[PDB]
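Shown next as structure tokens: one chain only, the form deposited without this ligand.
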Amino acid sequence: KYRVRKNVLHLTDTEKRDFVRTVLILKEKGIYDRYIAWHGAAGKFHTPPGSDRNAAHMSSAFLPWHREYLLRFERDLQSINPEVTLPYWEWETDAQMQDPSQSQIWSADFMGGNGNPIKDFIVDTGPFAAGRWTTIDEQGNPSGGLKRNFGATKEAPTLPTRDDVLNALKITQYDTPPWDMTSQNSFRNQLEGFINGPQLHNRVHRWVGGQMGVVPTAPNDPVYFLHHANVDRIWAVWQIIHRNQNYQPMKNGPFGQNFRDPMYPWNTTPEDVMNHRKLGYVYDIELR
């Protein structure tokens, strides 16, 4: 209950500077690519082999895996700069904007802007613009510049709304069998976004486009971590509302999805990360 994770829009100009800089040091040092690599590797670790589920997505472990992923990322930020925490992108109130692409998350001091359609939607404003920041493909080889193309697809012309978030929060079951992209009455799968998708989390991905629009390479965009810090906040809220409800499956789901299974590529289990305050951080909304 010590590290405060703040709304992106409520950050000072100096917090934005410090956060963007630290991400660049992680990337210069070779550390950032550990996260890209981990994310792609998890998407090829199917539970069970030959299943549609993987360690990080499309199953029950979606939420705690990303919680652990962000915790490691944030710990790496703090070794470079202890006054830096992982902010969250509250996309559901950007969606209420007249033009959500006008949100200050996309200003040249922070994430940078939409892609340049003259440059095949390469990003050229902000600290991760082409030239300043090199992306990596699934094979681990340099893949050019970061790309974004906001709202360009028919399936996801808008960010999720606050009504979308509130409605996912009424769901009482953390997850339901068969613990996959077809789970019904499942807050995991509703938040993940496969319920007549892409909704919520999956929709944000498709709305941003570029690397963000395909899951394995999505973390090539630093906004991936801000996005998932929002998802993690929403999960943390659901845990406060539905305090009697617990992770599922407790047991007899596929190996790597049960409460006490290790989450590849780590030994960390869902149980280890069930209490976010226990990991040493809160979201600013929990404190007024």
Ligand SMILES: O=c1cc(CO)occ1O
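Just count from 1 along the sequence shown to find any residue number.
There is also a form deposited with this ligand bound; it is not shown, and the following applies to it.
This ligand is not shown here, and in the bound PDB entry it never comes within 4.5 Å of any heavy atom of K147. At the 4.5 Å threshold, heavy atoms of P87 stay clear of this ligand in the bound PDB entry, well away from it. With a 4.5 Å cutoff on heavy atoms, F194 counts as touching this ligand in the bound PDB entry. Contact annotation: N202 falls within 4.5 Å of this ligand in the bound PDB entry, judged by heavy atom distances. Not one of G112, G126 and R132 is positioned with any heavy atom within 4.5 Å of this ligand in the bound PDB entry. The stretch that touches this ligand in the bound PDB entry, counting heavy atoms within 4.5 Å, is 205-213, out of 79-87, 137-145, 205-213, 167-175.
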